[PDB]
Protein chains: 2
Amino acid sequence: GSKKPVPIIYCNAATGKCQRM
Amino acid sequence: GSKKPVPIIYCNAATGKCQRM
């Protein structure tokens, strides 16, 4: 537990996109 | 069964973002 701004995120396997919004 | 360009997507509950890459 260090950072939890948004419960919903979009981080898929090693791809060109990974994080939350 | 109509369109499946990317196996990975990022569509969360009713939010300001939903789709695939």
# chains A, B, ... in the order shown; residues from 1 in each chain; ligands from 1
$ closest_atom_pairs --of "chain B" --to "chain A" --cutoff "8 Å" --atoms "only C-alpha atoms" --output "Markdown table"
| residue | atom | partner | partner_atom | distance |
| --- | --- | --- | --- | --- |
| B:8 | CA | A:12 | CA | 6.9 |
| B:9 | CA | A:12 | CA | 7.8 |
| B:10 | CA | A:10 | CA | 5.1 |
| B:11 | CA | A:10 | CA | 7.8 |
| B:12 | CA | A:8 | CA | 6.7 |
$ calpha_fit_and_write --fixed "chain A" --moving "chain B" --output "PDB file with N, CA and C atoms, in the first residue's frame"
ATOM      1  N   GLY B   1       0.094  -0.528  -1.202  1.00  0.00           N
ATOM      2  CA  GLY B   1      -0.141   0.163   0.052  1.00  0.00           C
ATOM      3  C   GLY B   1       0.627   1.466   0.150  1.00  0.00           C
ATOM      4  N   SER B   2       0.884   2.087  -0.997  1.00  0.00           N
ATOM      5  CA  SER B   2       1.620   3.345  -1.036  1.00  0.00           C
ATOM      6  C   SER B   2       0.825   4.416  -1.776  1.00  0.00           C
ATOM      7  N   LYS B   3       0.272   4.046  -2.926  1.00  0.00           N
ATOM      8  CA  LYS B   3      -0.515   4.972  -3.731  1.00  0.00           C
ATOM      9  C   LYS B   3      -1.704   4.263  -4.371  1.00  0.00           C
ATOM     10  N   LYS B   4      -2.903   4.763  -4.094  1.00  0.00           N
ATOM     11  CA  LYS B   4      -4.122   4.179  -4.645  1.00  0.00           C
ATOM     12  C   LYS B   4      -5.171   5.255  -4.902  1.00  0.00           C
ATOM     13  N   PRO B   5      -4.881   6.150  -5.858  1.00  0.00           N
ATOM     14  CA  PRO B   5      -5.789   7.241  -6.223  1.00  0.00           C
ATOM     15  C   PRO B   5      -7.040   6.741  -6.935  1.00  0.00           C
ATOM     16  N   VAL B   6      -6.851   5.825  -7.879  1.00  0.00           N
ATOM     17  CA  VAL B   6      -7.966   5.263  -8.635  1.00  0.00           C
ATOM     18  C   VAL B   6      -8.048   3.752  -8.451  1.00  0.00           C
ATOM     19  N   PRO B   7      -9.246   3.264  -8.097  1.00  0.00           N
ATOM     20  CA  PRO B   7      -9.485   1.833  -7.884  1.00  0.00           C
ATOM     21  C   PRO B   7      -9.435   1.037  -9.184  1.00  0.00           C
ATOM     22  N   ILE B   8      -9.666   1.720 -10.300  1.00  0.00           N
ATOM     23  CA  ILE B   8      -9.645   1.076 -11.607  1.00  0.00           C
ATOM     24  C   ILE B   8      -8.405   1.477 -12.398  1.00  0.00           C
ATOM     25  N   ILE B   9      -7.769   0.495 -13.028  1.00  0.00           N
ATOM     26  CA  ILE B   9      -6.572   0.746 -13.820  1.00  0.00           C
ATOM     27  C   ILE B   9      -6.607  -0.030 -15.132  1.00  0.00           C
ATOM     28  N   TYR B  10      -5.628   0.225 -15.992  1.00  0.00           N
ATOM     29  CA  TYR B  10      -5.548  -0.448 -17.282  1.00  0.00           C
ATOM     30  C   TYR B  10      -4.108  -0.833 -17.607  1.00  0.00           C
ATOM     31  N   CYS B  11      -3.608  -1.858 -16.927  1.00  0.00           N
ATOM     32  CA  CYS B  11      -2.244  -2.327 -17.141  1.00  0.00           C
ATOM     33  C   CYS B  11      -2.237  -3.768 -17.645  1.00  0.00           C
ATOM     34  N   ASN B  12      -1.988  -3.935 -18.940  1.00  0.00           N
ATOM     35  CA  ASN B  12      -1.953  -5.260 -19.547  1.00  0.00           C
ATOM     36  C   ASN B  12      -0.518  -5.761 -19.679  1.00  0.00           C
ATOM     37  N   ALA B  13      -0.370  -7.032 -20.040  1.00  0.00           N
ATOM     38  CA  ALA B  13       0.947  -7.631 -20.204  1.00  0.00           C
ATOM     39  C   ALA B  13       1.911  -6.663 -20.882  1.00  0.00           C
ATOM     40  N   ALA B  14       3.166  -7.078 -21.014  1.00  0.00           N
ATOM     41  CA  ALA B  14       4.184  -6.249 -21.645  1.00  0.00           C
ATOM     42  C   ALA B  14       3.668  -5.639 -22.944  1.00  0.00           C
ATOM     43  N   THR B  15       3.134  -4.425 -22.852  1.00  0.00           N
ATOM     44  CA  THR B  15       2.603  -3.734 -24.019  1.00  0.00           C
ATOM     45  C   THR B  15       3.032  -2.271 -24.035  1.00  0.00           C
ATOM     46  N   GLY B  16       2.421  -1.489 -24.920  1.00  0.00           N
ATOM     47  CA  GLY B  16       2.753  -0.079 -25.018  1.00  0.00           C
ATOM     48  C   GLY B  16       1.860   0.789 -24.154  1.00  0.00           C
ATOM     49  N   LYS B  17       1.305   0.199 -23.100  1.00  0.00           N
ATOM     50  CA  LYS B  17       0.427   0.925 -22.191  1.00  0.00           C
ATOM     51  C   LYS B  17       0.191   0.130 -20.911  1.00  0.00           C
ATOM     52  N   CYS B  18       0.334   0.798 -19.771  1.00  0.00           N
ATOM     53  CA  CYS B  18       0.136   0.155 -18.477  1.00  0.00           C
ATOM     54  C   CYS B  18       0.135   1.185 -17.352  1.00  0.00           C
ATOM     55  N   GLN B  19      -0.985   1.276 -16.642  1.00  0.00           N
ATOM     56  CA  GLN B  19      -1.116   2.222 -15.540  1.00  0.00           C
ATOM     57  C   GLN B  19      -2.566   2.329 -15.083  1.00  0.00           C
ATOM     58  N   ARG B  20      -2.928   3.489 -14.544  1.00  0.00           N
ATOM     59  CA  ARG B  20      -4.286   3.718 -14.066  1.00  0.00           C
ATOM     60  C   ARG B  20      -4.761   5.122 -14.433  1.00  0.00           C
ATOM     61  N   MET B  21      -6.034   5.398 -14.167  1.00  0.00           N
ATOM     62  CA  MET B  21      -6.611   6.702 -14.469  1.00  0.00           C
ATOM     63  C   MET B  21      -6.878   7.488 -13.188  1.00  0.00           C
TER      64      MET B  21
END
